[PDB]
Structure formats: structure tokens, C-alpha cells
Amino acid sequence: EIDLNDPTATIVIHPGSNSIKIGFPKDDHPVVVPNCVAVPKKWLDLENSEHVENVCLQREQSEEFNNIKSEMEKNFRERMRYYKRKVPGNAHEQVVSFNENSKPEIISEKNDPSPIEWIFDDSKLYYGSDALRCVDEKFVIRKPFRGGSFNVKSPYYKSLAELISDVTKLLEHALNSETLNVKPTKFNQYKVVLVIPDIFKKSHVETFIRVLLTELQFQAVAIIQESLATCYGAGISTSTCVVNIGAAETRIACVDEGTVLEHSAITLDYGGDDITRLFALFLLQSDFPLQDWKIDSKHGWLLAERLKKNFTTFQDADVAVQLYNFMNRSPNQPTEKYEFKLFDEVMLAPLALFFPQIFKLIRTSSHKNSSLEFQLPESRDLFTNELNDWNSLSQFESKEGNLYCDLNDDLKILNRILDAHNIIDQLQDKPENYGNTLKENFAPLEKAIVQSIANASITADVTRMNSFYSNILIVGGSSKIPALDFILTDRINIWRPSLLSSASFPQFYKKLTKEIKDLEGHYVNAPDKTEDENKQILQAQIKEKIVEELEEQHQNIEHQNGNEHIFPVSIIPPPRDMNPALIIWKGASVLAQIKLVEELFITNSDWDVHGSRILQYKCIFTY
Ligand SMILES: Nc1ncnc2c1ncn2[C@@H]1O[C@H](COP(=O)(O)OP(=O)(O)O)[C@@H](O)[C@H]1O
């Protein structure tokens, strides 16, 4: 019952597309609960909405895709050369696929599971790991969450009601488990710290808080953004830049002195799933023993995910023509073992993180539910009536393909950088249906980080650029690819422009901003011409000059009569044998355990009196 602030009575929850992490803050680990709900096929209208898409794929692809994969193969040839080895390659034996029926002795292939005890009873819904053994000739699988936000676009819900009912039944499931054994009636004994994305939907967060308090009936809820948690999870003191690669999205933000820098936040619309898709496509393309591979099927997906989870690498020293194998488990058959060979497919796949247009090509365009999305309108200011979610400059820029990393000359980069505060201004109160609603962000990871970094400095405290370039956390379940930190460093260094490489840029940019201020400022009398309307351009052309004057000055200043100071690229993975997927929960559970949380719990009464308004007063970030 009673509402003290004590870590015993707290539950930490970090939702996401793949799985919901959940447990008490003192737990060495959280329970990781798959983000699924399996629904009997007969309980749903399945005609008009249609797309019985759980049964179809494509080995042959477009020209544009073959081009890109060709380009990807050359990139691979080159790296390989630049260190190691090449061969006769693709020439094969899987063209003659030989299958070996196993007895019911399936020893473990990886992680925590072994042979599959399936579920045929289609008279109830099933949750989590249980939904995963739900044979999909009787069940459909829907997923309440899309990475910390609510999965609005799914076709298998018809209203927020449905969506929330199984959000609450998924959590209850989670909360009822061997290791944390919590029934709904005892829920009101517990506070929750909830992790939320860096660019959250205010309507979603608010809804979620409203449910945790008012339906599930928890004591009090505190919220934190992913990036900040991932810092408490590790070391929070510095200014750091978090890259977070999960299944659906990859998320990048910089954090400095306790706040997530808004204009650094990027959400790339690709992640581990896309790799899993690309990789299976790639094997199919190298004549893989299973040729009709129903991938958007629950059963085939689970295979594509297992292989890639086993086999993808960025480790050039381990790339060889080699002998792998897998067991294709049986909805209604005998377990069948196959044996296949592999060469480059293990790297081409993850390399698509740098050629993400390929990912767009191999998946269908979003098909969101307007009858659902209607019910969850985007939060607006109760006064002005304007979209009032956090709105990132970097996200806007990257989505639109306006990356400094794609700019050649030092002037245009500097002119845009000198322009930012205007573009962020035009952003916050534009005729702003502008800056695409529907568009997905497919910027390549390396160029994205650079943006995130560049904008986080110039829009806050420029001097921290060094700190940022030498604390890039790579976190998140999909980041467990080996040698990711290696290839990534290689690439930023290829791609980060020289102007944004000079360790003395900030000090320079800090000078240029001053001498530009000394033109609007220490000339507060109408410019030298007696009569003017355009004469702000004679000081706009003097701006343009002082730009080039210092821009040049700094380049002559750059020979330095010798050695050069230049930002590092320190990408830091967690140690081998720690789970990057779980840093975030860990961080949230660190918060849950200190003096701070106390000031940050929105209690029930809090909520009833004020509504979403308290987030203005009780919140670790400026709501
Ligand atoms: N060993 C591995 N190699 C590559 N990717 C992996 C490995 N293990 C897990 N993954 C992927 O990590 C991701 C973890 O997702 P999660 O961390 O929840 O992201 P989100 O925040 O969108 O849920 C999944 O896409 C999973 O496929």
C-alpha cells in the first residue's frame, strides 16, 4: 500500500520492438520478454485488410538492388585486400542440398533455448516466449510496441483499446514469472521507472503513464530517455555520443552534462531486422538449401534471426570459405538438419548499415492505421496549438539527405553550420507540415554520427566536440556484431570532413561567431551609406568576407609548420560477454536506486490533479 521512496518497491521497464526488459533494480539482470502477442486466426477479420503476407518472398531483386550489392561486394573486396585474402569464391555444393533427419535429440544451437514444444490450442491469446511457439497456421502475431512508442501502424489492432489491453496483458505476463512474481492486485505496491525514447511521442508517453497509474494501478511512475539511461548504465561524467542499434530503428543522440542534446537526436529507420532480412536474401542468393523461405512468417523469421545472430561479422580475419549448419524445426514435420557453405554473405549483410538504400528496397512501404493513428493524435501546445514534441535538427537534415559528410568544400559546410540556428528556428514554428511527415530516414550510420556530433556541439557548447569524438558508445542488441567498432571507425574517418576533423575547429568557430557578432553589434548605427534598404547586404557581404578571411586565415594557420592536431574516433563497445541490449535497463535501474528518482516520481494524485502538466515540473529532462 504505503508510498515511501525505497528501491525495493520499484520495477524498471524498458520497452522496445524486440523485447521488453523488465525487473527490480537490484536484479543482476532483467527478464527479457519478447514483444509478441499471438492471436487465434479465427478471432480476426482477415479479408478486406488482407495481406495474408505471412506466406511469400523474393530471391530475384531489382537492378538498383543488384547495383548496390555489386558496389557492396567491391567495398568488401577492398577491405579484405587492404589487410588479408581473396579466392575462387561463390562456386558451390549447396546447389546439391543434403538433409539429415534428426531424432528427438536437439542439443542447443545457441543462447538459452532448445527443441520446440509447440502450441496448437487456438482458444486463447498468448504472450511473449509463449506466443513464439504458437504455430502460425492457427495464429497471427501482433506486437504492441514499436521501440518504446506504441505500435500504431500494425494492421491487427482496430483501436487504442485493443492495443492497450494487450500492452497491459503483456506487462502482467512479464510481471508474472519465475524471477519476479508480481500479480496485478499487488501492483499498487510498486513504483515504475519507465524508459522512453530520446525523441518520444508525447501522446504515447502520456498515454502510457496514464495506463501504468490508472489501469494497472502502480504507485508512481518516473521516466527517462534512452540516451541518458545508457549513460548511467556506463559512466555519465563526460559528454558522450550514444549509438543504439536495435531491430526496427537505429538511434543516435549526444548527451552532455546530464541532458540529451535535442538537436543531436537522430532516428534512422533501419536496424537489426533489416540485417536479418538482407542476410537471408543473401543466402538465398547463394543457393541456400531452403529456397521457398517464408520470412514474414513467424517460423521462418526465427530461422533468419538465428543464423544472422550466429554468423554475421565485420571481422575480416575470420572470413573464409566455410562450413556451417542449422536445423529447420518442424511445425508439422521431423526436425531436418542441413549443411551449407558461406564466404562473404556474413559481411555484406551487416555492411548494409552503410548502404541502407538497399534496406528500403527489400521491404514494403509503411501502411499505418488511420483509424488507430486518429485515436492517438500528436501532442500540441494547449495555447498556441503547435506540434510540441522534441524536434531535432539532425533528424530533419539526415532524413532529407543534407549531410555535411556529403559536402566537398569547406565554405558550404561552414555556411550551413553558420546557418543552423535559423533552420532550427524555421523548424519550431514554420508553416510546418514541411519537413516530411511520411518519409523514413535512411542516412548511412557513419555520416549520421558525424551530424549528430556536429550539431550537438554547435547548438550547445562547441568545446565538447573532442569529448564526443572520443566517447562514442555503441550499444543495443544489434550492435553485438563483432568488429563493428572497427569498420565504423574506419568509415567515420573516411567520411568526416577535414573542416570538422581539425581539433581546433570549435575554438575557431567560437572566434568566427564573435567577429560576426561584432558586425551586427559594434555597428548599431545604420550602415555607412546615407540611404539604404539592401545595405544589410553590404554588411552581409562583409560577413561573407570575414567568413572567408578567417576561413582562409585558419587554413594558413593550419600548416602549423609541422604536426597536426585532429579529433580521434573512439568507438567503445561493451566488453565481450556483456549484453549491449541491456545497458539501458541497467542505467534506468541505477537511477531507480539513487536520491534523485524521489523528486521525479509522478504519483497517482499528482496525475489526477495536474494531468500531463506535471511533466513540466517533475522530469529529468525538459519535457
Ligand atoms: N549476436 C547478435 N548479432 C547481431 N544482432 C543481434 C545479435 N543478438 C541480437 N541481435 C539483435 O539485436 C536487436 C535487439 O533489439 P532491441 O535491443 O530491443 O532494439 P529496440 O530498442 O528497437 O527493441 C534485435 O534486432 C536482435 O535481432
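Residues numbered from 1 in each chain as written, not as in the entry; some residues may be left out. Heavy atoms only, no water.

This part takes up the pattern of salt bridges. Counting across every chain of the model gives 22 salt bridges. Residue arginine 491 pairs with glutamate 446 through a salt bridge whose shortest N-O separation is 3.0 Å. Highlighted residues: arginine 491 in helix α16 (residues 484-495) and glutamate 446 in helix α14 (residues 445-458), separated in sequence by 45 residues. Salt bridges linked by common partners bring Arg79, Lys84, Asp316 and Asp490 together as one network. (Salt bridge = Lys/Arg side-chain N within 4 Å of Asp/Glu carboxyl O. Helix = DSSP H or I, 4+ residues; strand = E, 2+ residues; numbered from the N terminus.)

Now for the site of the ligand. Taken together, the neighbourhood of the ligand is formed by 15 residues, with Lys21, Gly246, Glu305, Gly477 and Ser478 sitting nearest. The contact in question runs from an oxygen atom of the ligand to an N or O atom on the side chain of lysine 21, over 3.0 Å. When isolated, the ligand has an accessible area of 600 Å², and the protein chains bury 89% of it. Of the residues forming the shell around the ligand, the biggest block, 3 residues, is contributed by helix α7 (residues 298-311). Class assignment of the residues belonging to the shell around the ligand gives a composition of 2 nonpolar, 7 polar and 6 charged. (Near = heavy atom within 4 Å. Polar contact = N/O pair within 3.5 Å; in protein donor to acceptor, adjacent residues only side chain to side chain. Areas by Shrake-Rupley, 256 points an atom, 1.4 Å probe, with all protein chains shown as cover. Nonpolar A, V, L, I, M, F, W, Y, C, P; charged D, E, K, R; others polar.)

What follows covers the sheet that holds strand β3 (residues 31-34). The strand order across the open sheet built from 6 strands is β3-β2-β1-β10-β11-β19, with neighbouring strands paired in mixed fashion. Either end of the sheet is taken by a strand with one partner, and the two such strands are β3 and β19 (602-603). In this structure, strand β11 (residues 220-225) lies alongside β19, joined through 2 bridges in antiparallel fashion. From the neighbouring strand, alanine 220 faces β19, where its bridge partner is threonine 603. Helix α3 (residues 160-175) contacts β1 (10-14), β2 (19-23) and β3 of the sheet and is inclined by roughly 45° relative to β2. Across the face of the sheet, helix α19 (residues 583-591) comes into contact with β1, β2, β10 (191-196) and β11 while running at roughly 150° to β1. (Pairing = 2+ DSSP bridges. Contact = heavy atoms within 4.5 Å. Axes fitted to C-alpha atoms, helices over the stretch in contact; angles between N-to-C directions.)

Right, let's get into a positive patch on the surface. On the surface, a cluster of positive charge is contributed by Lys110, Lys309, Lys480 and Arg576. Under the relative-accessibility criterion, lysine 480 is labelled partly exposed at 41%. (Patch = residues over 30% accessible without salt bridge, like charges linked within 9 Å, V, L, I, M, F, W, Y side chains within 5 Å. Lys, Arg positive; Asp, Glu negative; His and termini not counted. Charge placed at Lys NZ, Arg CZ, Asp CG, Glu CD. Buried < 20%, exposed > 50% of the residue type's maximum accessible area, 1.4 Å probe, protein only.)

The next subject is the packing of aromatic side chains. On inspection of all chains with the given rule, the structure shows 29 aromatic pairs. Plain terms: the ring middles of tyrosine 270 and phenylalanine 442 are 6.3 Å apart, the flat faces sit at 15° to each other, and that makes the pair stacked. Of this pair, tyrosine 270 sits in the loop between β14 (259-268) and α6 (272-284) while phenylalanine 442 sits in the loop between α13 (420-428) and α14, placing them 172 residues apart in sequence. Here the two residues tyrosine 270 and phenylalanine 442 agree in accessibility, since each one is buried. Where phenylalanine 621 meets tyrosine 623, the ring centres are 6.1 Å apart and the plane angle is 35°; that geometry is what we call tilted. A relative accessible area of 11% means that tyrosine 623 is categorised as buried. Among the aromatic side chains, those forming a connected cluster through ring pairs are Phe288, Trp293, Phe311, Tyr324, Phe326, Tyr338 and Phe340. It is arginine 79 that lies over the ring of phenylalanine 486; its NZ or CZ is 4.7 Å from the centre. (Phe/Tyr/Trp six-rings, centres within 6.5 Å; stacked < 30°, edge-to-face > 60°. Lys NZ or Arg CZ within 6 Å of the ring centre and 35° of its normal.)

Here we come to the sheet that holds strand β6 (residues 126-127). Strand order in the open sheet formed by 3 strands is β6-β4-β7, with antiparallel pairing between adjacent strands. If you trace the sheet from one side to the other, it starts and ends with β6 and β7 (139-142), each paired once. Pairing between strand β4 (residues 37-40) and β6: 2 bridges, direction antiparallel. Pairing of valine 37 across the sheet is with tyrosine 127, part of β6.

Turning next to α3. Relative to the 22 Å expected for 16 residues at 1.5 Å per residue, α3 spans 22 Å between its end C-alpha atoms, a close match to the ideal helical length. Every buried residue of α3 is accounted for by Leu160, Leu163, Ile164, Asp166, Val167, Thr168, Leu170, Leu171, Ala174 and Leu175. (Expected span 1.5 Å × (residues − 1).)

Regarding helix α12 (residues 410-417), the residues found buried are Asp410, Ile413, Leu414 and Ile417. Within α12, the buried residues cover an arc of 95° as seen down the axis, which keeps them to one side. Here the buried face of α12 lies against α13, α14, α17 (505-520) and α18 (540-556). (Arc of directions from axis to C-beta.)

If you check the domain split of the protein, you get domain 1 (1-49 + 111-225 + 578-623), domain 2 (50-110 + 272-365) and domain 3 (226-271 + 366-577). A C-alpha centroid distance of 32 Å is found between domain 1 and domain 2. Listed per partner, the contact involves 23 residues of domain 1 and 16 residues of domain 2. Between domain 1 and domain 2, roughly 1500 Å² of surface is buried when both sides are summed, and carbon and sulfur atoms account for 44% of that area. Its largest share of buried area at the contact with domain 2, domain 1 owes to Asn111, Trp118 and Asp136, together 34% of the area lost on that side. Where domain 1 touches domain 2, the interface holds 0 salt bridges. There are 11 residue pairs in polar contact connecting domain 1 and domain 2. Elements that contribute at least two residues to the side of domain 1 that touches domain 2 include exactly α2 (129-132) and β7. Of the residues that constitute the side of domain 1 that touches domain 2, the class distribution is 13 nonpolar, 4 polar and 6 charged. (Domains from an automatic or database assignment. Buried area = accessible area lost by both parts, 1.4 Å probe.)

Moving on, we come to the UniProt feature "binding site: ATP" in the protein. The residues that UniProt annotates with the feature "binding site: ATP" are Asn244, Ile245, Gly246 and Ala247. Here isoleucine 245 shows up in strand β12 (residues 240-245). The class of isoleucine 245 is buried, set by a relative accessible area of 0%. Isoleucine 245 has contacts with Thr250, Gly271, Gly272, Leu445, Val475, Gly476, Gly477, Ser478, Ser479 and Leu484, leaving out every residue within four places of it along the chain. Checked against the element boundaries, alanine 247 lands in the loop between β12 and β13 (250-256). Setting aside chain neighbours within four positions, we find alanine 247 in contact with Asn18, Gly271, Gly272, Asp273, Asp274 and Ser478. (UniProt positions renumbered as here; feature names shortened; annotations may be inferred.)

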